[PDB]
$ cat coords_5.txt   # compact mmCIF, N, CA and C atoms
# COMPACT_ATOMS: atom_id res chain seq x y z
N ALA P 1 10.06 138.05 77.68
CA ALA P 1 9.92 136.87 78.52
C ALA P 1 11.29 136.29 78.87
N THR P 2 11.48 135.00 78.59
CA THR P 2 12.76 134.32 78.83
C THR P 2 13.84 134.81 77.87
N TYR P 3 13.41 135.55 76.86
CA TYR P 3 14.31 136.22 75.94
C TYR P 3 15.30 137.09 76.70
N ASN P 4 14.79 137.84 77.65
CA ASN P 4 15.60 138.74 78.46
C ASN P 4 16.59 137.98 79.32
N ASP P 5 16.18 136.83 79.83
CA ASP P 5 17.08 135.97 80.57
C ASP P 5 18.26 135.57 79.70
N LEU P 6 17.97 135.20 78.46
CA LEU P 6 19.00 134.77 77.53
C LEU P 6 19.94 135.92 77.22
N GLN P 7 19.37 137.10 77.02
CA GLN P 7 20.17 138.28 76.72
C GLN P 7 21.07 138.63 77.90
N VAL P 8 20.59 138.37 79.11
CA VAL P 8 21.37 138.58 80.32
C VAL P 8 22.52 137.58 80.39
N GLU P 9 22.21 136.30 80.21
CA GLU P 9 23.23 135.25 80.19
C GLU P 9 24.30 135.52 79.14
N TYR P 10 23.85 135.83 77.93
CA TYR P 10 24.72 136.18 76.82
C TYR P 10 25.64 137.33 77.19
N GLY P 11 25.07 138.42 77.69
CA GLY P 11 25.88 139.55 78.11
C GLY P 11 26.78 139.18 79.26
N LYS P 12 26.28 138.32 80.15
CA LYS P 12 27.07 137.88 81.29
C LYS P 12 28.25 137.06 80.82
N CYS P 13 28.00 136.15 79.88
CA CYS P 13 29.07 135.33 79.33
C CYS P 13 30.16 136.16 78.67
N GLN P 14 29.78 137.23 77.97
CA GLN P 14 30.74 138.08 77.28
C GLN P 14 31.69 138.77 78.25
N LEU P 15 31.14 139.27 79.35
CA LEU P 15 31.96 140.00 80.32
C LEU P 15 32.93 139.08 81.07
N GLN P 16 32.61 137.80 81.13
CA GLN P 16 33.50 136.86 81.78
C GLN P 16 34.66 136.52 80.85
N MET P 17 34.39 136.50 79.55
CA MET P 17 35.46 136.36 78.57
C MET P 17 36.42 137.54 78.65
N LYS P 18 35.88 138.75 78.78
CA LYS P 18 36.70 139.94 78.94
C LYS P 18 37.60 139.82 80.16
N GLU P 19 37.02 139.33 81.24
CA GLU P 19 37.73 139.22 82.50
C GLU P 19 38.79 138.13 82.43
N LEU P 20 38.42 136.99 81.86
CA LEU P 20 39.36 135.90 81.64
C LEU P 20 40.49 136.35 80.72
N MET P 21 40.21 137.33 79.87
CA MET P 21 41.20 137.84 78.93
C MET P 21 42.18 138.81 79.58
N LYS P 22 41.70 139.58 80.55
CA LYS P 22 42.58 140.42 81.34
C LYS P 22 43.53 139.54 82.12
N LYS P 23 42.98 138.50 82.74
CA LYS P 23 43.75 137.57 83.56
C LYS P 23 44.79 136.84 82.73
N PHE P 24 44.41 136.49 81.51
CA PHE P 24 45.31 135.81 80.60
C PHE P 24 46.51 136.68 80.25
N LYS P 25 46.26 137.94 79.91
CA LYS P 25 47.33 138.87 79.57
C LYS P 25 48.27 139.05 80.75
N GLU P 26 47.73 138.96 81.96
CA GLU P 26 48.51 139.12 83.18
C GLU P 26 49.53 137.99 83.34
N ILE P 27 49.03 136.76 83.38
CA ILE P 27 49.90 135.60 83.56
C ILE P 27 50.93 135.56 82.44
N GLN P 28 50.45 135.81 81.22
CA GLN P 28 51.28 135.86 80.03
C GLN P 28 52.51 136.72 80.25
N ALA P 29 52.29 137.90 80.83
CA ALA P 29 53.36 138.83 81.16
C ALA P 29 54.27 138.27 82.24
N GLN P 30 53.68 137.58 83.22
CA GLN P 30 54.47 136.95 84.27
C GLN P 30 55.41 135.92 83.67
N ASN P 31 54.85 135.01 82.89
CA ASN P 31 55.63 133.98 82.20
C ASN P 31 56.84 134.53 81.43
N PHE P 32 56.69 135.69 80.79
CA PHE P 32 57.80 136.30 80.07
C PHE P 32 58.91 136.73 81.02
N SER P 33 58.55 137.17 82.22
CA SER P 33 59.54 137.48 83.25
C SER P 33 60.28 136.24 83.71
N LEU P 34 59.53 135.17 83.95
CA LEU P 34 60.13 133.93 84.44
C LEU P 34 61.04 133.30 83.40
N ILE P 35 60.59 133.26 82.15
CA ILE P 35 61.40 132.71 81.07
C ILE P 35 62.72 133.47 80.95
N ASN P 36 62.64 134.78 81.11
CA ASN P 36 63.82 135.63 81.00
C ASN P 36 64.77 135.43 82.19
N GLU P 37 64.21 135.35 83.40
CA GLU P 37 65.03 135.14 84.58
C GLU P 37 65.63 133.73 84.64
N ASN P 38 64.85 132.73 84.26
CA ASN P 38 65.31 131.34 84.30
C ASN P 38 66.50 131.13 83.39
N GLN P 39 66.38 131.62 82.16
CA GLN P 39 67.45 131.49 81.18
C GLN P 39 68.73 132.17 81.65
N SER P 40 68.60 133.24 82.43
CA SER P 40 69.76 133.96 82.95
C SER P 40 70.35 133.22 84.14
N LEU P 41 69.49 132.66 84.98
CA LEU P 41 69.94 131.89 86.13
C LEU P 41 70.74 130.69 85.65
N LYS P 42 70.30 130.11 84.54
CA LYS P 42 70.95 128.93 83.97
C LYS P 42 72.32 129.27 83.39
N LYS P 43 72.43 130.46 82.81
CA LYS P 43 73.72 130.93 82.31
C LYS P 43 74.68 131.21 83.46
N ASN P 44 74.12 131.71 84.57
CA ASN P 44 74.90 131.99 85.76
C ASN P 44 75.52 130.72 86.32
N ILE P 45 74.72 129.66 86.36
CA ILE P 45 75.19 128.38 86.86
C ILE P 45 76.37 127.87 86.03
N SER P 46 76.17 127.80 84.72
CA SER P 46 77.19 127.31 83.79
C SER P 46 78.49 128.10 83.92
N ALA P 47 78.37 129.41 84.07
CA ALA P 47 79.54 130.27 84.26
C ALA P 47 80.20 129.97 85.61
N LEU P 48 79.38 129.66 86.60
CA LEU P 48 79.89 129.29 87.91
C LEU P 48 80.40 127.87 87.92
N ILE P 49 79.79 127.00 87.12
CA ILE P 49 80.29 125.63 86.99
C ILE P 49 81.71 125.67 86.44
N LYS P 50 81.89 126.41 85.35
CA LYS P 50 83.21 126.57 84.75
C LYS P 50 84.22 127.08 85.76
N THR P 51 83.98 128.28 86.26
CA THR P 51 84.92 128.96 87.15
C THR P 51 85.28 128.16 88.40
N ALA P 52 84.30 127.49 89.01
CA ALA P 52 84.58 126.66 90.18
C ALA P 52 85.53 125.52 89.83
N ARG P 53 85.27 124.84 88.72
CA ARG P 53 86.11 123.73 88.28
C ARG P 53 87.53 124.20 87.99
N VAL P 54 87.65 125.36 87.36
CA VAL P 54 88.95 125.93 87.02
C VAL P 54 89.76 126.24 88.28
N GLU P 55 89.12 126.89 89.24
CA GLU P 55 89.79 127.22 90.49
C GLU P 55 90.15 125.97 91.29
N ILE P 56 89.19 125.06 91.48
CA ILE P 56 89.47 123.84 92.22
C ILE P 56 90.57 123.02 91.54
N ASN P 57 90.50 122.91 90.22
CA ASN P 57 91.58 122.30 89.45
C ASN P 57 92.89 123.02 89.69
N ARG P 58 92.83 124.34 89.80
CA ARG P 58 94.02 125.15 90.00
C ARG P 58 94.60 124.94 91.40
N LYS P 59 93.72 124.65 92.36
CA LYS P 59 94.12 124.35 93.73
C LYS P 59 94.69 122.94 93.84
N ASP P 60 94.05 122.00 93.14
CA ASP P 60 94.45 120.59 93.19
C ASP P 60 95.86 120.37 92.66
N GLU P 61 96.24 121.14 91.64
CA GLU P 61 97.56 121.00 91.04
C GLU P 61 98.66 121.49 91.96
N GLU P 62 98.45 122.67 92.54
CA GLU P 62 99.44 123.28 93.41
C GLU P 62 99.62 122.44 94.67
N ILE P 63 98.53 121.86 95.15
CA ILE P 63 98.58 120.93 96.28
C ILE P 63 99.38 119.68 95.92
N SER P 64 99.11 119.14 94.73
CA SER P 64 99.83 117.98 94.22
C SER P 64 101.33 118.24 94.10
N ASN P 65 101.69 119.37 93.51
CA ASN P 65 103.10 119.68 93.27
C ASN P 65 103.84 120.05 94.55
N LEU P 66 103.08 120.45 95.57
CA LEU P 66 103.66 120.67 96.89
C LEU P 66 104.00 119.35 97.57
N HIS P 67 103.15 118.34 97.36
CA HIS P 67 103.40 117.01 97.89
C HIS P 67 104.59 116.38 97.18
N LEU P 68 104.88 116.87 95.98
CA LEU P 68 106.06 116.44 95.24
C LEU P 68 107.30 117.18 95.73
N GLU P 69 107.10 118.39 96.24
CA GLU P 69 108.19 119.18 96.79
C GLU P 69 108.63 118.62 98.13
N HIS P 70 107.66 118.43 99.03
CA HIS P 70 107.93 117.92 100.37
C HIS P 70 108.52 116.52 100.33
N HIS P 71 108.03 115.71 99.41
CA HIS P 71 108.61 114.38 99.23
C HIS P 71 110.04 114.53 98.75
N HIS P 72 110.22 115.17 97.60
CA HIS P 72 111.55 115.39 97.04
C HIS P 72 112.51 116.02 98.04
N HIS P 73 112.02 116.94 98.86
CA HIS P 73 112.87 117.59 99.84
C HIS P 73 113.27 116.61 100.94
N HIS P 74 112.30 115.90 101.51
CA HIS P 74 112.62 114.90 102.51
C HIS P 74 112.75 113.51 101.87
N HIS P 75 113.53 113.46 100.80
CA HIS P 75 113.88 112.23 100.09
C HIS P 75 115.05 112.57 99.16
N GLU O 1 14.88 143.29 69.24
CA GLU O 1 16.13 143.53 68.53
C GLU O 1 16.42 142.40 67.54
N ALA O 2 17.10 141.36 68.02
CA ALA O 2 17.33 140.15 67.21
C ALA O 2 16.40 139.04 67.69
N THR O 3 16.12 138.07 66.82
CA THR O 3 15.18 137.00 67.15
C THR O 3 15.67 136.22 68.36
N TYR O 4 14.79 135.42 68.94
CA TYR O 4 15.18 134.53 70.03
C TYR O 4 16.21 133.52 69.54
N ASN O 5 16.11 133.16 68.26
CA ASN O 5 17.03 132.20 67.66
C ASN O 5 18.44 132.76 67.51
N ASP O 6 18.53 134.02 67.12
CA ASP O 6 19.82 134.67 66.94
C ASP O 6 20.57 134.74 68.28
N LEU O 7 19.85 135.05 69.36
CA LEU O 7 20.44 135.05 70.69
C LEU O 7 20.94 133.66 71.03
N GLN O 8 20.12 132.66 70.71
CA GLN O 8 20.51 131.28 71.00
C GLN O 8 21.79 130.92 70.26
N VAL O 9 21.87 131.32 69.00
CA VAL O 9 23.05 131.06 68.19
C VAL O 9 24.27 131.76 68.78
N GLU O 10 24.12 133.03 69.13
CA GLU O 10 25.24 133.81 69.62
C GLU O 10 25.70 133.33 70.98
N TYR O 11 24.75 133.00 71.85
CA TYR O 11 25.07 132.38 73.13
C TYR O 11 25.87 131.10 72.89
N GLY O 12 25.44 130.32 71.91
CA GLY O 12 26.15 129.12 71.50
C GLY O 12 27.60 129.39 71.11
N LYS O 13 27.81 130.41 70.28
CA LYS O 13 29.16 130.81 69.88
C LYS O 13 29.96 131.24 71.11
N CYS O 14 29.35 132.12 71.89
CA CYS O 14 29.98 132.69 73.07
C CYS O 14 30.46 131.64 74.06
N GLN O 15 29.73 130.54 74.21
CA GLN O 15 30.11 129.49 75.15
C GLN O 15 31.19 128.60 74.58
N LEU O 16 31.34 128.63 73.26
CA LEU O 16 32.37 127.84 72.59
C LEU O 16 33.72 128.55 72.66
N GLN O 17 33.70 129.85 72.36
CA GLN O 17 34.89 130.67 72.50
C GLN O 17 35.36 130.65 73.94
N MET O 18 34.41 130.66 74.86
CA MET O 18 34.69 130.66 76.29
C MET O 18 35.39 129.39 76.76
N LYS O 19 34.87 128.24 76.33
CA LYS O 19 35.46 126.97 76.70
C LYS O 19 36.86 126.88 76.12
N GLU O 20 37.00 127.41 74.92
CA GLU O 20 38.29 127.48 74.25
C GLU O 20 39.27 128.34 75.05
N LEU O 21 38.84 129.55 75.38
CA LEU O 21 39.67 130.49 76.12
C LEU O 21 40.02 129.98 77.51
N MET O 22 39.05 129.32 78.15
CA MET O 22 39.24 128.77 79.48
C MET O 22 40.31 127.67 79.45
N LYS O 23 40.48 127.05 78.29
CA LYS O 23 41.48 126.01 78.10
C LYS O 23 42.89 126.62 78.03
N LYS O 24 43.02 127.70 77.27
CA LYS O 24 44.29 128.39 77.12
C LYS O 24 44.72 129.03 78.44
N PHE O 25 43.75 129.42 79.25
CA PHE O 25 44.07 130.06 80.52
C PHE O 25 44.63 129.08 81.55
N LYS O 26 43.93 127.98 81.77
CA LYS O 26 44.37 126.98 82.74
C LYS O 26 45.76 126.41 82.42
N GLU O 27 46.14 126.40 81.14
CA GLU O 27 47.40 125.80 80.74
C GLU O 27 48.56 126.80 80.85
N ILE O 28 48.27 128.08 80.65
CA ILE O 28 49.28 129.11 80.84
C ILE O 28 49.45 129.33 82.34
N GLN O 29 48.40 129.00 83.09
CA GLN O 29 48.42 129.07 84.54
C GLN O 29 49.19 127.87 85.11
N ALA O 30 49.04 126.72 84.46
CA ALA O 30 49.85 125.56 84.78
C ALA O 30 51.31 125.86 84.47
N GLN O 31 51.54 126.50 83.32
CA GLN O 31 52.88 126.91 82.90
C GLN O 31 53.45 127.95 83.87
N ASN O 32 52.56 128.71 84.51
CA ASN O 32 52.97 129.69 85.50
C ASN O 32 53.40 129.04 86.81
N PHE O 33 52.79 127.90 87.16
CA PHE O 33 53.16 127.18 88.38
C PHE O 33 54.48 126.43 88.20
N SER O 34 54.72 125.95 86.99
CA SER O 34 55.93 125.19 86.68
C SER O 34 57.16 126.09 86.62
N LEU O 35 57.03 127.21 85.92
CA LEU O 35 58.12 128.18 85.81
C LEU O 35 58.50 128.73 87.18
N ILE O 36 57.50 129.05 88.00
CA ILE O 36 57.75 129.56 89.34
C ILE O 36 58.55 128.57 90.17
N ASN O 37 58.18 127.29 90.12
CA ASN O 37 58.89 126.27 90.88
C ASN O 37 60.30 126.04 90.32
N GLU O 38 60.41 126.01 89.00
CA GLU O 38 61.70 125.89 88.33
C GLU O 38 62.61 127.04 88.72
N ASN O 39 62.04 128.24 88.74
CA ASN O 39 62.74 129.44 89.15
C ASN O 39 63.31 129.28 90.55
N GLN O 40 62.51 128.68 91.42
CA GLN O 40 62.90 128.45 92.81
C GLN O 40 63.95 127.36 92.93
N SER O 41 63.89 126.39 92.01
CA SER O 41 64.92 125.36 91.92
C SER O 41 66.27 125.98 91.54
N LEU O 42 66.25 126.82 90.51
CA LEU O 42 67.45 127.48 90.03
C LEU O 42 68.10 128.31 91.13
N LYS O 43 67.29 129.11 91.84
CA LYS O 43 67.81 129.96 92.90
C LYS O 43 68.42 129.14 94.04
N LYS O 44 67.90 127.95 94.27
CA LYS O 44 68.41 127.08 95.31
C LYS O 44 69.68 126.36 94.85
N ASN O 45 69.74 126.06 93.55
CA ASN O 45 70.93 125.46 92.98
C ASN O 45 72.07 126.45 92.94
N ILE O 46 71.77 127.69 92.57
CA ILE O 46 72.79 128.73 92.55
C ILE O 46 73.24 129.00 94.00
N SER O 47 72.33 128.83 94.95
CA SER O 47 72.65 129.00 96.36
C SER O 47 73.62 127.93 96.84
N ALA O 48 73.23 126.67 96.65
CA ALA O 48 74.01 125.53 97.13
C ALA O 48 75.36 125.43 96.43
N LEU O 49 75.38 125.65 95.12
CA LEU O 49 76.61 125.56 94.35
C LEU O 49 77.66 126.56 94.82
N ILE O 50 77.23 127.80 95.06
CA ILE O 50 78.12 128.79 95.66
C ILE O 50 78.62 128.28 97.00
N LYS O 51 77.70 127.79 97.82
CA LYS O 51 78.04 127.26 99.14
C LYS O 51 79.07 126.13 99.05
N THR O 52 78.86 125.21 98.11
CA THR O 52 79.74 124.07 97.94
C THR O 52 81.09 124.46 97.32
N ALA O 53 81.06 125.35 96.34
CA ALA O 53 82.30 125.81 95.72
C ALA O 53 83.05 126.72 96.68
N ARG O 54 82.32 127.44 97.52
CA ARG O 54 82.96 128.34 98.48
C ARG O 54 83.72 127.53 99.53
N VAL O 55 83.11 126.45 100.01
CA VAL O 55 83.71 125.65 101.07
C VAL O 55 84.92 124.87 100.56
N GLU O 56 84.92 124.53 99.28
CA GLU O 56 86.02 123.76 98.71
C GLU O 56 87.24 124.63 98.42
N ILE O 57 86.99 125.83 97.90
CA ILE O 57 88.08 126.75 97.58
C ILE O 57 88.91 127.09 98.82
N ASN O 58 88.23 127.33 99.94
CA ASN O 58 88.91 127.63 101.19
C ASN O 58 89.76 126.46 101.70
N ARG O 59 89.16 125.28 101.75
CA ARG O 59 89.83 124.12 102.34
C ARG O 59 91.04 123.69 101.50
N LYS O 60 90.95 123.90 100.19
CA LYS O 60 92.07 123.65 99.30
C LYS O 60 93.12 124.75 99.47
N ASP O 61 92.67 125.92 99.91
CA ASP O 61 93.56 127.05 100.15
C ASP O 61 94.21 126.97 101.52
N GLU O 62 93.51 126.38 102.48
CA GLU O 62 94.09 126.15 103.79
C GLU O 62 95.14 125.07 103.67
N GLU O 63 94.85 124.06 102.85
CA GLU O 63 95.83 123.01 102.57
C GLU O 63 97.12 123.61 102.03
N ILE O 64 97.03 124.26 100.88
CA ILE O 64 98.21 124.77 100.17
C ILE O 64 99.04 125.71 101.05
N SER O 65 98.37 126.53 101.85
CA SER O 65 99.06 127.42 102.76
C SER O 65 99.78 126.63 103.86
N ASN O 66 99.04 125.71 104.49
CA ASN O 66 99.61 124.85 105.53
C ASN O 66 100.82 124.06 105.04
N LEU O 67 100.80 123.70 103.76
CA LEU O 67 101.90 122.96 103.16
C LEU O 67 103.09 123.88 102.89
N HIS O 68 102.81 125.05 102.34
CA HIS O 68 103.84 126.04 102.05
C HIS O 68 104.55 126.45 103.33
N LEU O 69 103.76 126.70 104.37
CA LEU O 69 104.31 127.03 105.68
C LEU O 69 105.04 125.83 106.28
N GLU O 70 104.30 124.75 106.50
CA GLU O 70 104.88 123.54 107.08
C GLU O 70 104.41 122.28 106.35
$ encode --input "coords_5.txt" --output "structure tokens"
Amino acid sequence: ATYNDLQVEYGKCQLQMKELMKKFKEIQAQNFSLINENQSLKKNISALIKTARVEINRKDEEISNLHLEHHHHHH
Amino acid sequence: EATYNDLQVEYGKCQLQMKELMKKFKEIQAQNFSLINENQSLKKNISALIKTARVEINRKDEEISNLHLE
């Protein structure tokens, strides 16, 4: 009777857990890619933050000391 | 096979595990939307920072050259 309906629902519920579990493993794998890429992108920035500051600082000094040359020369 | 009661019990368990699992899924999926956007933020920051550091290095280099020359 309605027993069979219940057995159908029960079996139906189980297969949706299986499917939700495939989907879960999928996203899970995606997240590991993103975590790995994000952490590397962040290291890239910091390395670029450093190097940019070093170069710009290196440019600022030579510009400054040139203004000291031109002044000293025409003074 | 098994009594009508046993099916009822197992269906009961099955719907509890399911609600539980459905909770872990939506949140890892939320975590998937956040990481993706963050990832896109990082790529845009690395884009702009290169752009900004690139434009400054040149202009400071045009300065120093222009000064050395004249």
$ interface_residues --input "coords_5.txt" --of "chain P" --to "chain O" --cutoff "6 Å" --atoms "only C-alpha atoms" --output "ChimeraX atom specification"
/P:10,24,38,59,63
$ atom_distance --input "coords_5.txt" --atom1 "atom C of residue 52 of chain P" --atom2 "atom N of residue 72 of chain P"
27.9 Å
$ atom_distance --input "coords_5.txt" --atom1 "atom N of residue 31 of chain P" --atom2 "atom CA of residue 30 of chain O"
10.9 Å
$ atom_distance --input "coords_5.txt" --atom1 "atom CA of residue 50 of chain P" --atom2 "atom C of residue 37 of chain P"
19.0 Å
$ build_atoms --input "coords_5.txt" --residues "segment 29-54 of chain O" --atoms "N, CA, C and O atoms" --output "short mmCIF file (atom, residue, chain, number, x, y, z; two decimals), in the coordinates of the input"
data_model
loop_
_atom_site.label_atom_id
_atom_site.label_comp_id
_atom_site.auth_asym_id
_atom_site.auth_seq_id
_atom_site.Cartn_x
_atom_site.Cartn_y
_atom_site.Cartn_z
N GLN O 29 48.40 129.00 83.09
CA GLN O 29 48.42 129.07 84.54
C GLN O 29 49.19 127.87 85.11
O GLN O 29 49.89 127.99 86.12
N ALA O 30 49.04 126.72 84.46
CA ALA O 30 49.85 125.56 84.78
C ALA O 30 51.31 125.86 84.47
O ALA O 30 52.21 125.54 85.25
N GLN O 31 51.54 126.50 83.32
CA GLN O 31 52.88 126.91 82.90
C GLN O 31 53.45 127.95 83.87
O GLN O 31 54.66 128.05 84.06
N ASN O 32 52.56 128.71 84.51
CA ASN O 32 52.97 129.69 85.50
C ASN O 32 53.40 129.04 86.81
O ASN O 32 54.27 129.56 87.50
N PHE O 33 52.79 127.90 87.16
CA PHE O 33 53.16 127.18 88.38
C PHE O 33 54.48 126.43 88.20
O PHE O 33 55.25 126.29 89.15
N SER O 34 54.72 125.95 86.99
CA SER O 34 55.93 125.19 86.68
C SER O 34 57.16 126.09 86.62
O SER O 34 58.21 125.76 87.18
N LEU O 35 57.03 127.21 85.92
CA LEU O 35 58.12 128.18 85.81
C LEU O 35 58.50 128.73 87.18
O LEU O 35 59.68 128.85 87.49
N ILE O 36 57.50 129.05 88.00
CA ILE O 36 57.75 129.56 89.34
C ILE O 36 58.55 128.57 90.17
O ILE O 36 59.52 128.95 90.83
N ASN O 37 58.18 127.29 90.12
CA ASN O 37 58.89 126.27 90.88
C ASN O 37 60.30 126.04 90.32
O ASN O 37 61.26 125.91 91.08
N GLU O 38 60.41 126.01 89.00
CA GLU O 38 61.70 125.89 88.33
C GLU O 38 62.61 127.04 88.72
O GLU O 38 63.80 126.86 89.00
N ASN O 39 62.04 128.24 88.74
CA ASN O 39 62.74 129.44 89.15
C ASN O 39 63.31 129.28 90.55
O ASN O 39 64.44 129.69 90.84
N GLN O 40 62.51 128.68 91.42
CA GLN O 40 62.90 128.45 92.81
C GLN O 40 63.95 127.36 92.93
O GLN O 40 64.79 127.39 93.83
N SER O 41 63.89 126.39 92.01
CA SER O 41 64.92 125.36 91.92
C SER O 41 66.27 125.98 91.54
O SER O 41 67.29 125.71 92.17
N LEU O 42 66.25 126.82 90.51
CA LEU O 42 67.45 127.48 90.03
C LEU O 42 68.10 128.31 91.13
O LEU O 42 69.30 128.23 91.35
N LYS O 43 67.29 129.11 91.84
CA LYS O 43 67.81 129.96 92.90
C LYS O 43 68.42 129.14 94.04
O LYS O 43 69.36 129.59 94.70
N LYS O 44 67.90 127.95 94.27
CA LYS O 44 68.41 127.08 95.31
C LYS O 44 69.68 126.36 94.85
O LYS O 44 70.57 126.10 95.64
N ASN O 45 69.74 126.06 93.55
CA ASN O 45 70.93 125.46 92.98
C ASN O 45 72.07 126.45 92.94
O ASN O 45 73.21 126.11 93.24
N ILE O 46 71.77 127.69 92.57
CA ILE O 46 72.79 128.73 92.55
C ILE O 46 73.24 129.00 94.00
O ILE O 46 74.40 129.33 94.24
N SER O 47 72.33 128.83 94.95
CA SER O 47 72.65 129.00 96.36
C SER O 47 73.62 127.93 96.84
O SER O 47 74.69 128.23 97.37
N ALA O 48 73.23 126.67 96.65
CA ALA O 48 74.01 125.53 97.13
C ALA O 48 75.36 125.43 96.43
O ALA O 48 76.38 125.15 97.08
N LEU O 49 75.38 125.65 95.12
CA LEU O 49 76.61 125.56 94.35
C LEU O 49 77.66 126.56 94.82
O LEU O 49 78.83 126.22 94.95
N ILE O 50 77.23 127.80 95.06
CA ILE O 50 78.12 128.79 95.66
C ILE O 50 78.62 128.28 97.00
O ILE O 50 79.81 128.32 97.27
N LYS O 51 77.70 127.79 97.82
CA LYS O 51 78.04 127.26 99.14
C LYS O 51 79.07 126.13 99.05
O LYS O 51 80.04 126.09 99.81
N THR O 52 78.86 125.21 98.11
CA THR O 52 79.74 124.07 97.94
C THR O 52 81.09 124.46 97.32
O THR O 52 82.14 123.96 97.72
N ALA O 53 81.06 125.35 96.34
CA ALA O 53 82.30 125.81 95.72
C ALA O 53 83.05 126.72 96.68
O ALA O 53 84.27 126.77 96.65
N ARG O 54 82.32 127.44 97.52
CA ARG O 54 82.96 128.34 98.48
C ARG O 54 83.72 127.53 99.53
O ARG O 54 84.85 127.87 99.89
#
